[PDB]
Each structure stands twice: as C-alpha cells, then as structure tokens.
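These notes are about the structure you will find just below.
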Amino acid sequence: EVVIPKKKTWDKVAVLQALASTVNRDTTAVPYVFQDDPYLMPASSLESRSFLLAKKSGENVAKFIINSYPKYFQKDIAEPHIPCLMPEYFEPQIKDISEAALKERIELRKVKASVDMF
Amino acid sequence: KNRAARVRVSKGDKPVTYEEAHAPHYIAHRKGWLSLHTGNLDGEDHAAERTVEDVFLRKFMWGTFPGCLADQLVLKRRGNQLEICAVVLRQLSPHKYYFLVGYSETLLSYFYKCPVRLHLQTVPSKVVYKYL
Amino acid sequence: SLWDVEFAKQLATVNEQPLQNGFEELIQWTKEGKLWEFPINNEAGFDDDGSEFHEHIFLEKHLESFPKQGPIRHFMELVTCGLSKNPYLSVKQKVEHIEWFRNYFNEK
Amino acid sequence: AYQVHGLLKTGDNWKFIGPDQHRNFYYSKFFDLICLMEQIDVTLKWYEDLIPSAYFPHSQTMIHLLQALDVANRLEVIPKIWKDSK
Amino acid sequence: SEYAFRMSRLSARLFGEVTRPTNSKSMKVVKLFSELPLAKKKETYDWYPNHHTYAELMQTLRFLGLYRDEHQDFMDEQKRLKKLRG
Amino acid sequence: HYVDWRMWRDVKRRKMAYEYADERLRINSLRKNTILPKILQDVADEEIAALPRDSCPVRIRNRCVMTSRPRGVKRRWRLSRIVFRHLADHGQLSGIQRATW
Amino acid sequence: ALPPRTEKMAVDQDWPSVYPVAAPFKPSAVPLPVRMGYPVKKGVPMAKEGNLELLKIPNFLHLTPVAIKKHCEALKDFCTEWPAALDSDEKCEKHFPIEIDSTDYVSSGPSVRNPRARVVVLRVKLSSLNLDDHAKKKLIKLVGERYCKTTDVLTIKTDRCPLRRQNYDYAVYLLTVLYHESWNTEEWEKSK
Amino acid sequence: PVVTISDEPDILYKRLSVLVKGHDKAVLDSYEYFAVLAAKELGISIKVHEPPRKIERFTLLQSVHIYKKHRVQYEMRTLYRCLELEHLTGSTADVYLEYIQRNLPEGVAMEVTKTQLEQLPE
Ligand SMILES: [Mg+2]
C-alpha cells in the first residue's frame with residue numbers, strides 16, 4: 001500500500017511571507033527604503049521626508065521622460081510581457097470624430113479635449 | 001612591452017587603486033571580475049548582449065553620475081535582479097544622490113525590463129592602494 | 001465602473017505603506033510582475049493556444065489529401081515530416097506554409 | 001497605551017499605522033508616555049528598540065528624556081543620549 | 001531484406017519520418033523544413049543592437065542635461081574653436 | 001548613429017533578409033528536392049533569380065558588435081580580437097583568465 | 001558622516017533581522033573588519049570600508065546556519081512525507097514502472113528561454129511491463145537502435161514539439177502505440 | 001501560513017539532481033555546505049559529487065597589425081559540482097528548489113536540475 005499524499009498548492013507569495021516572519025523587524029536598523037551608508041542616513045524626520053520626496057521626484061522624472069519618448073523603449077526583452085513596464089500612451093491615437101475616440105479620451109482623462117470633440 | 005591594463009610608474013606621486021594598479025595577468029589570481037554575469041560559462045546563449053549591455057551600463061552610470069564615482073562599478077547579475085553597486089564619493093548632496101539613484105533605478109529597470117537595483121556606498125576620498 | 005475602480009485605487013493608496021524590507025520589495029515585484037515566476041519551468045506563458053501535441057506533428061487535417069500516388073503528395077509527405085520535426089515553429093505558421101504551397105501549386 | 005501597541009503588533013496593524021507623519025506622532029507620544037510614567041530600564045529598552053528603527057524623535061521628546069532621566073536620577077546615561085541627539 | 005525494409009517503413013510511419021523510400025536529396029528537404037533557415041535565427045537578426053534607440057536616447061538625455069558625455073563635450077568645444085578660426 | 005556605413009549596410013542586410021527569408025526557403029526546397037520536373041524547377045529558378053540580392057544568407061558578414069571589423073571576430077560575444085582583449089584585460093568580463101597550462 | 005552601526009551593534013543581536021536579503025557587502029552594516037587584497041611589501045591587506053573586492057565577492061553574508069535553521073522553521077510547513085516505497089530500487093520499480101526525463105535549465109538575465117529545456121525522454125522496463133513475448137520480439141524489431149542488451153531499459157526520445165507537457169504526451173503516446181502495434185499481429189510475420 | 005491542501009496525489013520525484021556550474025570552487029562548495037545543511041535539517045537525502053572541470057582555452061593575437069608569433073591565450077574555468085537528491089517529495093522538491101533558487105549565487109552559478117517523476121503506465 002502506497003500512502004501517496006495529495007500535493008498542497010500555494011501562490012508565489014507565502015514562502016516570502018514566512019521568510020519575513022522569520023525576519024521580524026531589526027530594532028537597531030533604519031527602514032530599508034533608505035540606503036545603508038552613514039553619509040546617506042537621514043538624521044531627522046524632516047531629512048527623511050526630504051529624501052523620500054526626492055526619490056518620488058526621481059520616480060516621476062523617469063515616468064515623465066519615458067512617457068515623452070516611448071519610441072526608445074518599445075523593445076521588450078523580458079518574457080512574460082509586462083504591461084506596467086510597457087509605455088503609457090497619453091496622446092489620442094484616434095483622430096476622426098467618433099465615439100471610439102470619445103471613449104479613448106475619456107479613458108485618457110482629457111477633459112477639454114473630450115468636451116471639444118463632444 | 002605589455003601595457004594592456006598596467007598603469008606606468010610616473011615619479012612616485014600618482015594615486016592609484018587596487019584595480020588600476022593590478023595587471024591583467026592577476027585577473028583571477030588577485031583581482032576578480034567587475035561584472036558577474038552567467039553568460040560566459042560552458043552552456044549559455046545570450047552572453048553577447050550581456051556584454052553590450054555591460055558596456056552600456058558602465059558608460060551610462062559614468063555619464064549620469066558625473067565626477068563622483070571613485071573607481072569602476074560592480075555590475076552583478078542574478079536571476080533577473082541587476083545590481084549596480086557603487087563606491088560613490090561624498091561631494092554632492094544626498095538629495096542629488098537619491099534623485100539620481102531613483103532616476104537610474106527606474107530607467108535601467110525600464111531599458112533592460114527587469115528589477116534593477118543600485119546600491120551606493122559613500123567614500124570620503126578616492127582611495128589609494130599605492131603611490132606610483 | 002469608474003466609481004468602483006476609483007474606490008479600488010483609493011483603497012490601494014490608503015493601504016500603501018513603506019516597503020521597509022527587501023523581502024517586501026520582492027513581494028511587490030512579484031505582485032507587479034517584475035520578478036520572475038518561481039519555480040521556473042523555462043516555459044512561463046507561451047501556451048501556443050492549447051495545441052496539445054497533435055496539431056504540431058499530425059498534419060493530415062491540414063494536408064487535405066490530393067491523389068496520394070502523386071509526386072505532389074510525396075512533397076506533401078516530405079514537408080509534413082519537416083513541419084512535424086520543427087519545434088521552433090507552431091501550428092499556425094506550419095499551416096500557412098502548407099497553404100502557401102497549396103496556393104502556388106494551384107497557381108501552376 | 002500598551003494594549004493599543006499589542007493590538008498594533010497583532011498582524012498588519014503596523015501596516016494600518018499609515019503615513020510617516022502619523023507614525024512620527026504615534027511613536028513620539030508613545031515614547032513621551034513611556035518616559036512620563038515608566039521605570040528607567042524599560043524606558044531605555046524602548047529607546048533602543050524604537051529609536052531610530054521606528055522613527056526620528058523630536059526636541060520635545062528630547063527634553064522629556066532629560067526629565068525622565070532626572071526623575072530616575074540615572075545621570076550616567078546623559079552622555080550616551082547626548083551623542084545620540086547630536 | 002524486404003522484411004527489414006518494411007520494418008523500417010513501419011517504424012517510419014509509427015514515429016513520424018518519411019514512410020516511402022526516399023534518397024538523401026529529398027531527405028535534405030525534410031531537414032530544411034525541420035530546422036530554421038540561416039536568416040530566421042535569433043542571433044542572426046539580433047546580432048547588432050539597433051544603435052538608434054541607444055545613441056538618440058543618450059543624445060536626448062544629454063541635451064535634457066541628465067547625461068554628461070565628455071566625447072560630445074570635446075566635439076562641442078573643438079568645433080567652437082574651429083568655427084572661430086576656420 | 002551607427003559605427004560606419006558598412007555596419008549600417010550590414011544591418012540593412014540582416015533586417016530585410018529576416019523579412020525575406022520564408023519565400024526563399026520554400027523555393028530553395030523546391031530547388032533541392034528531386035521529384036518535380038526540370039522546367040517546373042526552372043520557373044522557380046527564375047523566381048529566386050529575381051528575388052533581390054541582399055536577402056540571401058551569402059552576404060551576411062559577422063562583423064564586431066561594438067566596432068565594425070570583418071576579420072578577427074569571436075562569435076560567442078560578437079567581439080573583435082583587440083576589443084575583447086581590452087575588455088577581458090580590464091576585467092569587466094567574468095571567467096576569462098590568462099591561459100597558463 | 002556618522003559613527004556606524006558596526007560599533008553601535010552589540011552581541012546577541014539577530015542576524016536574520018540584520019541581513020534578510022542577498023545584498024552586496026556594505027561595510028558599515030558589516031560588523032567585521034574584513035581585509036582583502038594582496039598586501040604591499042611593508043604593509044597589510046587593504047581595510048574594510050571601501051573594498052571593491054569585498055564588494056565583488058558573491059557575499060554569502062545573508063546565509064548562516066542558525067538563519068537557515070529559522071528559515072526552514074518557517075519553511076517546514078511546505079512538505080509532506082513519503083510512503084513506504086522503500087529505498088529498494090527494484091521495489092520502487094515494481095510500484096511505479098516508468099521513468100521520465102523532464103528538465104529545466106536555469107539561466108540568469110532578461111529571459112528564461114532555453115529551448116533545449118523541453119527535452120523529454122522515457123525509460124521503461126520490459127520486466128516491469130510483464131506482458132510481451134512475441135510482442136517483445138516485435139517490440140525490439142521495431143525499436144532496434146535503442147534497447148541495449150545488458151539492461152532491459154527502453155529509452156524513447158522526444159525533442160520535436162515546443163512544450164514540455166506535450167513532449168511528455170508524445171512519450172506516453174509513443175509508448176502506448178508501440179505497445180498496441182506490437183500486440184497487433186500482422187499477416188507477414190510468418191515469412192520471416 | 002496559507003497551505004491549501006487541494007486535490008491530487010503526489011508527482012513522486014525520485015532523483016532530482018542539481019548540477020551547479022561555476023567559475024569559482026569557493027562559491028560552489030560554500031553553496032554545497034549550504035544545500036547540505038538545508039537538506040539535513042529538511043530530512044531529505046543529499047549526496048555530493050564533483051564532475052571534472054572543463055577549461056575553454058582559446059587564442060588571440062596580441063598586436064593590432066602584425067606579430068602573429070606573439071599571441072595571447074585566454075581561458076575559462078567551468079567547474080561542476082553535483083548535489084543529487086534521492087527520495088524527495090514533489091512539494092518538498094519545489095519548496096527546496098524555490099529556496100535554493102532564491103539564494104542561488106550570481107553569474108558564478110547555474111542550477112541545472114534533473115527531475116525524475118515516476119508515475120504509472122497507461
Ligand atoms: Mg611579449
């Protein structure tokens with residue numbers, strides 16, 4: 001007789017969640033969002049906030065230049081496809097006066113353009 | 001004479017690091033490799049574009065971190081996390097440092113389509129291994 | 001509609017918290033899709049529309065038999081064996097090759 | 001305060017802490033309370049457990065540290081917390 | 001013999017290669033349709049980087065001021081002096 | 001914005017050969033099968049002889065991936081001799097040592 | 001700059017808490033004056049705070065035995081146990097006859113496309129198939145190029161279809177149709 | 001700790017053998033000690049093996065224009081270390097594989113895993 005067990009199934013997340021439960025918080029270390037260099041430590045809460053807002057500033061820096069120039073990045077190399085690494089196109093690709101273009105600029109959140117072509 | 005990657009002795013007043021000081025025949029006897037990617041072993045396919053992206057990365061980080069990189073980077077590559085680990089100096093302000101880290105983080109993640117992580121390491125002055 | 005997706009995104013913003021650990025960085029990268037799926041089978045995605053082993057190598061159904069004693073049918077057997085032994089091409093480009101030969105042979 | 005902190009440590013209420021300003025106010029007043037009516041050994045234990053891992057303390061929190069240490073008459077800890085403040 | 005020939009034919013029909021006896025000069029057509037041609041290989045059509053995304057992206061980033069490349073600095077200064085005197 | 005006109009000519013070769021690969025594949029299988037009649041192969045001879053002389057994989061020269069040099073290229077990184085020597089001597093290339101056996 | 005957590009850090013401190021992830025060296029985080037380098041003639045190995053060689057070391061400072069012990073205290077949930085299939089190879093062959101090769105090749109970069117990783121090949125034992133006499137004669141006469149004599153192992157190869165699961169399907173399909181055509185008696189068997 | 005024991009009996013992996021290829025014997029045997037201790041506290045059976053190293057040697061010219069008689073020779077050291085697992089579960093297999101591929105080393109590592117799921121004939 002073989003007591004062959006049925007395979008219990010998980011997602012991609014539970015192993016790393018158990019790993020974090022192994023690594024509870026470090027009572028002597030700074031939050032991981034900041035770096036680990038003593039020169040790059042925030043000393044005060046205001047300095048930490050300035051560091052964080054500078055980092056979010058750089059994030060939307062790359063977001064702005066990427067969405068301004070989507071041609072330089074259309075080549076995907078990663079598989080499977082990552083739509084949140086694909087460019088977000090903010091210009092209306094539908095130019096004729098149509099309801100498809102109406103839904104298009106409604107999705108693109110262009111209020112004056114939607115009103116004008118309505 | 002051989003001068004592939006050997007810095008020549010000027011007069012005894014020339015600051016130089018370990019990597020620039022050591023010759024290419026000490027490349028795995030004393031130095032190690034500045035980029036760790038898996039393309040160069042027995043069975044692999046994509047090592048050519050690994051190399052072209054390696055030189056792209058070196059020139060790009062040098063162009064976008066102007067005059068603050070002490071010596072050459074460490075370009076590590078495991079799975080799909082790229083690691084640019086840096087030895088950056090302590091001259092420019094940390095707001096600029098975090099700004100360029102986020103800028104580079106996002107653009108290289110976006111250009112190579114993976115998790116790309118830059119880990120800075122701040123050094124006061126460019127370190128001297130010997131004076132030649 | 002947009003009210004429920006707005007409620008979803010505002011719920012996301014008010015449950016957005018600092019990363020505070022590299023394991024949580026890996027968590028968010030798995031959630032977005034940046035990190036690879038693991039354990040990896042070298043065949044993540046790439047379903048090939050559920051071809052399931054007969055459309056790749058058994059090409060009678062797209063062969064559409066002519067008089068089988070002919071050299072044209074012999075060429076069909078040869079190209080059918082070749083397209084069966086292709087692993088890099090799928091059934092759709094196999095049958096468009098087959099239809100290209102059908103079209104050209106009907107042209108002649 | 002301890003019972004709310006225990007409810008915090010249950011599960012993802014640390015995620016329910018929320019933003020950085022709310023977290024700073026949270027831990028600042030919590031540690032002010034700890035310095036106000038706890039004994040000095042567990043105030044120092046909470047000091048090393050929370051600062052600077054959880055938050056960056058304020059100047060009012062600093063003068064309350066000094067008041068707590070003066071009440072406890074443990075003036076030997078003054079140089080260490082001084083170096084920490086600097 | 002004849003039996004061995006028809007066992008080879010039966011194995012060919014069973015496994016998927018060509019059933020009827022055919023010479024190497026069309027068995028080669030079967031290999032041609034079994035492998036990819038010289039032009040369709042991934043390294044063949046991706047041997048070169050396109051260089052246009054690369055160079056024009058560095059161009060755009062430099063004239064946005066996010067990139068500082070000393071080679072282009074050299075050509076700018078040298079052509080400034082060359083238009084000054086030439 | 002390519003290295004030279006020779007490199008740009010080569011990438012023209014690569015791109016449009018990769019486009020015009022399938023028809024050439026069908027008709028050169030029609031060359032070197034020995035079943036069809038000879039004139040029925042001669043009309044096919046006409047079609048490939050009319051197919052353009054820039055997509056045939058006979059013009060594909062494996063030049064160096066950084067700097068155009070026809071002869072002296074290692075395929076495994078598409079690098080020329082002295083560029084590969086430069087890089088694997090500065091030590092930015094993992095696993096390449098100096099062969100001393 | 002600031003005085004670091006290297007000397008702020010004190011003994012009996014949890015190191016899985018210190019280093020969760022595989023990270024590069026970070027000497028300020030490292031509480032260890034680790035020295036690299038070929039020393040100069042009248043000097044010492046180069047110090048810790050700035051070494052690119054310390055950085056280039058693959059850095060197995062995220063994994064020590066007590067950390068892996070605690071990691072698999074967490075990871076011990078994700079496992080069953082085996083039946084009494086025994087360490088005996090003949091016993092597990094009796095219980096489960098067929099054997100199949102179905103692999104993966106782990107690369108590291110942008111993409112995980114190693115096409116050869118779809119290779120699948122099936123090995124089965126005639127002595128475990130137990131139902132072949134002139135069928136086993138017909139079987140060998142079909143598959144001549146395999147079936148080495150010294151061990152009764154039948155090895156059928158598939159690398160013809162792009163996906164691993166349909167390669168497994170080709171393996172099992174070839175096994176069952178070779179079995180059925182072996183048991184299908186043909187009319188010209190007698191004139192051997 | 002979500003678990004979700006779902007429906008179907010085990011895939012019955014016998015001999016999951018991991019060939020670890022590297023440029024660096026120190027990385028290979030540190031990873032060996034790591035995997036051996038992890039397997040020991042897991043309870044699965046681990047065996048060690050050292051396939052012989054392969055050295056890819058090749059030759060280039062040294063000067064740019066002339067002097068073929070003075071050549072440079074470069075080499076690659078590809079060392080192999082085998083960690084074969086016998087008698088490990090499918091769930092234990094993919095959790096152990098998941099752990100060791102999270103903590104797989106960098107460019108000095110490949111993890112070629114050979115899985116022999118057993119099954120019944122049909
Ligand atoms: Mg010489």
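Just so we're on the same page: first chain in the structure tokens is A, next is B, and so on; residues restart at 1 for each chain, and ligands are numbered from 1 in the order they show up.
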
Env. residues ligand 1 / 10 Å / only C-alpha atoms and all ligand atoms / as a PDB file with N, CA, C and O atoms, in the first residue's frame:
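The result, written out as pocket.pdb:
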ATOM      1  N   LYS B   1      56.779  45.752 -25.020  1.00  0.00           N
ATOM      2  CA  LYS B   1      56.355  45.599 -23.634  1.00  0.00           C
ATOM      3  C   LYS B   1      54.841  45.464 -23.538  1.00  0.00           C
ATOM      4  O   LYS B   1      54.113  45.887 -24.435  1.00  0.00           O
ATOM      5  N   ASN B   2      54.379  44.864 -22.442  1.00  0.00           N
ATOM      6  CA  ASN B   2      52.956  44.672 -22.210  1.00  0.00           C
ATOM      7  C   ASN B   2      52.412  45.840 -21.399  1.00  0.00           C
ATOM      8  O   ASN B   2      52.955  46.173 -20.339  1.00  0.00           O
TER       9      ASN B   2
ATOM     10  N   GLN H  62      48.084  39.474 -30.251  1.00  0.00           N
ATOM     11  CA  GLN H  62      48.408  40.481 -29.250  1.00  0.00           C
ATOM     12  C   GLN H  62      48.495  41.886 -29.829  1.00  0.00           C
ATOM     13  O   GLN H  62      47.914  42.817 -29.266  1.00  0.00           O
ATOM     14  N   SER H  63      49.194  42.066 -30.943  1.00  0.00           N
ATOM     15  CA  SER H  63      49.265  43.361 -31.601  1.00  0.00           C
ATOM     16  C   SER H  63      48.065  43.542 -32.521  1.00  0.00           C
ATOM     17  O   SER H  63      47.290  42.612 -32.750  1.00  0.00           O
ATOM     18  N   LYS H  69      53.431  35.825 -34.245  1.00  0.00           N
ATOM     19  CA  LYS H  69      54.237  34.929 -33.423  1.00  0.00           C
ATOM     20  C   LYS H  69      54.078  35.204 -31.935  1.00  0.00           C
ATOM     21  O   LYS H  69      54.413  34.340 -31.119  1.00  0.00           O
ATOM     22  N   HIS H  70      53.572  36.376 -31.568  1.00  0.00           N
ATOM     23  CA  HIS H  70      53.286  36.719 -30.183  1.00  0.00           C
ATOM     24  C   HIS H  70      51.772  36.751 -30.010  1.00  0.00           C
ATOM     25  O   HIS H  70      51.117  37.722 -30.401  1.00  0.00           O
ATOM     26  N   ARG H  71      51.219  35.690 -29.430  1.00  0.00           N
ATOM     27  CA  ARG H  71      49.785  35.571 -29.230  1.00  0.00           C
ATOM     28  C   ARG H  71      49.475  35.535 -27.743  1.00  0.00           C
ATOM     29  O   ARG H  71      50.309  35.155 -26.918  1.00  0.00           O
ATOM     30  N   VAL H  72      48.256  35.940 -27.415  1.00  0.00           N
ATOM     31  CA  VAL H  72      47.726  35.845 -26.066  1.00  0.00           C
ATOM     32  C   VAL H  72      46.749  34.678 -26.035  1.00  0.00           C
ATOM     33  O   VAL H  72      46.119  34.340 -27.044  1.00  0.00           O
TER      34      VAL H  72
END

Closest contacts (chain A/chain G, max 10 Å, only C-alpha atoms) as a tab-separated table:
residue	atom	partner	partner_atom	distance
A:1	CA	G:84	CA	7.9
A:2	CA	G:83	CA	5.5
A:3	CA	G:83	CA	5.0
A:4	CA	G:83	CA	6.0
A:5	CA	G:80	CA	6.9
A:6	CA	G:80	CA	8.6
A:7	CA	G:80	CA	8.0
A:8	CA	G:78	CA	7.9
A:9	CA	G:78	CA	9.0
A:10	CA	G:78	CA	9.0
A:14	CA	G:75	CA	9.7
A:15	CA	G:75	CA	7.0
A:16	CA	G:75	CA	9.5
A:17	CA	G:74	CA	9.3
A:18	CA	G:74	CA	5.5
A:19	CA	G:71	CA	6.2
A:20	CA	G:20	CA	7.9
A:21	CA	G:74	CA	7.6
A:22	CA	G:71	CA	6.0
A:23	CA	G:17	CA	4.9
A:24	CA	G:17	CA	6.1
A:25	CA	G:17	CA	6.1
A:26	CA	G:17	CA	5.0
A:27	CA	G:17	CA	8.4
A:28	CA	G:9	CA	7.5
A:29	CA	G:18	CA	7.3
A:30	CA	G:5	CA	9.9
A:35	CA	G:26	CA	9.8
A:36	CA	G:29	CA	6.9
A:37	CA	G:28	CA	6.6
A:38	CA	G:2	CA	5.2
A:39	CA	G:1	CA	4.5
A:40	CA	G:1	CA	8.2
A:41	CA	G:2	CA	8.1
A:43	CA	G:2	CA	9.4
A:76	CA	G:110	CA	9.5
A:77	CA	G:110	CA	6.1
A:78	CA	G:110	CA	5.0
A:79	CA	G:111	CA	5.5
A:80	CA	G:111	CA	8.3

Set out as CSV a contact list for chain B and chain F with a cut-off of 9 Å, giving each residue of chain B that qualifies its closest atom pair and distance in Å to one decimal, counting only C-alpha atoms, ordered by chain and rising residue number.
residue,atom,partner,partner_atom,distance
B:4,CA,F:89,CA,6.4
B:5,CA,F:90,CA,5.8
B:19,CA,F:90,CA,8.5
B:20,CA,F:90,CA,8.3
B:23,CA,F:89,CA,8.2
B:24,CA,F:89,CA,5.0
B:25,CA,F:98,CA,6.1
B:26,CA,F:98,CA,8.4
B:27,CA,F:97,CA,6.3
B:28,CA,F:97,CA,6.2
B:29,CA,F:97,CA,8.7
B:31,CA,F:91,CA,8.2
B:32,CA,F:91,CA,7.4
B:33,CA,F:91,CA,5.3
B:34,CA,F:92,CA,4.7
B:35,CA,F:92,CA,5.2
B:36,CA,F:94,CA,5.7
B:37,CA,F:94,CA,6.7
B:38,CA,F:94,CA,8.0
B:39,CA,F:94,CA,8.4
B:40,CA,F:95,CA,6.5
B:41,CA,F:95,CA,7.4
B:45,CA,F:76,CA,8.1
B:46,CA,F:77,CA,8.3
B:47,CA,F:77,CA,6.0
B:48,CA,F:77,CA,3.8
B:49,CA,F:77,CA,7.5
B:50,CA,F:77,CA,8.5
B:51,CA,F:77,CA,7.1
B:52,CA,F:66,CA,7.7
B:54,CA,F:92,CA,8.2
B:55,CA,F:92,CA,8.7
B:74,CA,F:92,CA,8.7
B:75,CA,F:92,CA,8.5

Spatial neighbours of residue C:98, max dist 9 Å, only C-alpha atoms, sep filter under 5 positions, as an mmCIF file with C-alpha atoms, in the first residue's frame:
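Written output follows (out-v6.cif):
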data_model
loop_
_atom_site.group_PDB
_atom_site.id
_atom_site.type_symbol
_atom_site.label_atom_id
_atom_site.label_comp_id
_atom_site.auth_asym_id
_atom_site.auth_seq_id
_atom_site.Cartn_x
_atom_site.Cartn_y
_atom_site.Cartn_z
ATOM 1 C CA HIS C 62 -4.477 20.475 -42.922
ATOM 2 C CA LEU C 63 -2.933 18.175 -45.534
ATOM 3 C CA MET C 76 3.411 16.968 -49.018
ATOM 4 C CA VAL C 79 7.151 18.888 -45.934
ATOM 5 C CA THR C 80 4.716 17.366 -43.413
ATOM 6 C CA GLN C 93 2.910 29.086 -39.302
ATOM 7 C CA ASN C 103 -1.713 28.279 -53.398
#

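As for atom CA of residue G:181 and atom CA of residue G:136, they are spaced 11.0 Å apart.
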
Near residue G:52, counting only C-alpha atoms, which residues have an atom at most 9 Å away, once you skip same-chain residues fewer than 5 positions from it, shown as an MDAnalysis selection string? (chainID B and resid 18:19 34 71:74 86:87) or (chainID G and resid 57)

Taking only C-alpha atoms into account, find every residue of chain C that has an atom no more than 12 Å from chain B, and write it out as a list in words.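 Residues passing the distance filter: residues 22, 25, 26, 28, 29, 30, 32, 33, 34, 35, 36, 37, 38, 39 and 40 of chain C.
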
Find the residues of chain C in contact range of chain A, meaning any atom within 7 Å when counting only C-alpha atoms, and list them as a list in words. residues 19, 20, 21, 22, 23, 27, 33, 44 and 45 of chain C

Just list as number ranges by chain whatever in chain E DSSP marks as helix (DSSP H, G or I). E: 2-15, 24-34, 42-45, 52-64, 70-85

Export of prior selection with C-alpha atoms as a PDB file, in the first residue's frame:
ATOM      1  CA  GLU E   2      12.347  -6.950 -47.890  1.00  0.00           C
ATOM      2  CA  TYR E   3      11.181  -7.649 -44.332  1.00  0.00           C
ATOM      3  CA  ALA E   4      13.803  -5.286 -42.895  1.00  0.00           C
ATOM      4  CA  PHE E   5      12.823  -2.637 -45.456  1.00  0.00           C
ATOM      5  CA  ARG E   6       9.158  -2.814 -44.496  1.00  0.00           C
ATOM      6  CA  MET E   7      10.011  -2.817 -40.776  1.00  0.00           C
ATOM      7  CA  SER E   8      11.935   0.396 -41.433  1.00  0.00           C
ATOM      8  CA  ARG E   9       8.840   1.663 -43.269  1.00  0.00           C
ATOM      9  CA  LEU E  10       6.569   0.638 -40.373  1.00  0.00           C
ATOM     10  CA  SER E  11       8.845   2.334 -37.835  1.00  0.00           C
ATOM     11  CA  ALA E  12       8.937   5.437 -40.049  1.00  0.00           C
ATOM     12  CA  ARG E  13       5.131   5.565 -40.216  1.00  0.00           C
ATOM     13  CA  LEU E  14       4.949   4.933 -36.463  1.00  0.00           C
ATOM     14  CA  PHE E  15       7.454   7.603 -35.422  1.00  0.00           C
ATOM     15  CA  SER E  24      19.143  11.900 -49.261  1.00  0.00           C
ATOM     16  CA  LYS E  25      18.478  14.546 -51.920  1.00  0.00           C
ATOM     17  CA  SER E  26      14.903  14.959 -50.628  1.00  0.00           C
ATOM     18  CA  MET E  27      15.523  13.747 -47.093  1.00  0.00           C
ATOM     19  CA  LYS E  28      17.513  17.015 -47.119  1.00  0.00           C
ATOM     20  CA  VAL E  29      14.317  18.950 -47.952  1.00  0.00           C
ATOM     21  CA  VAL E  30      12.840  17.292 -44.888  1.00  0.00           C
ATOM     22  CA  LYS E  31      15.768  18.558 -42.784  1.00  0.00           C
ATOM     23  CA  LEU E  32      15.363  22.023 -44.357  1.00  0.00           C
ATOM     24  CA  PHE E  33      11.788  22.132 -43.204  1.00  0.00           C
ATOM     25  CA  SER E  34      12.834  20.569 -39.871  1.00  0.00           C
ATOM     26  CA  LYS E  42      17.591  34.923 -33.266  1.00  0.00           C
ATOM     27  CA  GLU E  43      21.312  35.698 -33.144  1.00  0.00           C
ATOM     28  CA  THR E  44      21.297  36.328 -36.897  1.00  0.00           C
ATOM     29  CA  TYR E  45      18.619  39.008 -36.785  1.00  0.00           C
ATOM     30  CA  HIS E  52      19.340  54.253 -32.780  1.00  0.00           C
ATOM     31  CA  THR E  53      17.448  53.856 -29.507  1.00  0.00           C
ATOM     32  CA  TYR E  54      20.839  53.869 -27.729  1.00  0.00           C
ATOM     33  CA  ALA E  55      22.508  56.841 -29.427  1.00  0.00           C
ATOM     34  CA  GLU E  56      19.394  59.005 -29.788  1.00  0.00           C
ATOM     35  CA  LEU E  57      18.365  58.287 -26.183  1.00  0.00           C
ATOM     36  CA  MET E  58      21.810  59.369 -24.985  1.00  0.00           C
ATOM     37  CA  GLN E  59      21.510  62.398 -27.286  1.00  0.00           C
ATOM     38  CA  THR E  60      18.124  63.360 -25.823  1.00  0.00           C
ATOM     39  CA  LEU E  61      19.226  62.753 -22.221  1.00  0.00           C
ATOM     40  CA  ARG E  62      22.400  64.805 -22.686  1.00  0.00           C
ATOM     41  CA  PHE E  63      20.516  67.756 -24.135  1.00  0.00           C
ATOM     42  CA  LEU E  64      17.967  67.398 -21.329  1.00  0.00           C
ATOM     43  CA  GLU E  70      32.873  64.135 -22.399  1.00  0.00           C
ATOM     44  CA  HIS E  71      33.265  62.991 -26.020  1.00  0.00           C
ATOM     45  CA  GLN E  72      30.402  65.246 -27.092  1.00  0.00           C
ATOM     46  CA  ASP E  73      31.811  67.950 -24.805  1.00  0.00           C
ATOM     47  CA  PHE E  74      35.113  67.605 -26.702  1.00  0.00           C
ATOM     48  CA  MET E  75      33.475  67.863 -30.112  1.00  0.00           C
ATOM     49  CA  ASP E  76      31.439  70.900 -28.997  1.00  0.00           C
ATOM     50  CA  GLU E  77      34.499  72.788 -27.724  1.00  0.00           C
ATOM     51  CA  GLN E  78      36.721  71.782 -30.658  1.00  0.00           C
ATOM     52  CA  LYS E  79      34.094  72.736 -33.243  1.00  0.00           C
ATOM     53  CA  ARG E  80      33.555  76.022 -31.387  1.00  0.00           C
ATOM     54  CA  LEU E  81      37.245  76.843 -31.821  1.00  0.00           C
ATOM     55  CA  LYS E  82      37.230  75.504 -35.403  1.00  0.00           C
ATOM     56  CA  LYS E  83      34.323  77.771 -36.357  1.00  0.00           C
ATOM     57  CA  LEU E  84      36.140  80.566 -34.516  1.00  0.00           C
ATOM     58  CA  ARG E  85      39.241  80.316 -36.695  1.00  0.00           C
TER      59      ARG E  85
END

At a cut-off of 7 Å, which residues of chain B touch chain A? Count only C-alpha atoms and give the answer as number ranges by chain. B: 94-95, 98-100, 102-103, 106-107, 110-114, 121-122
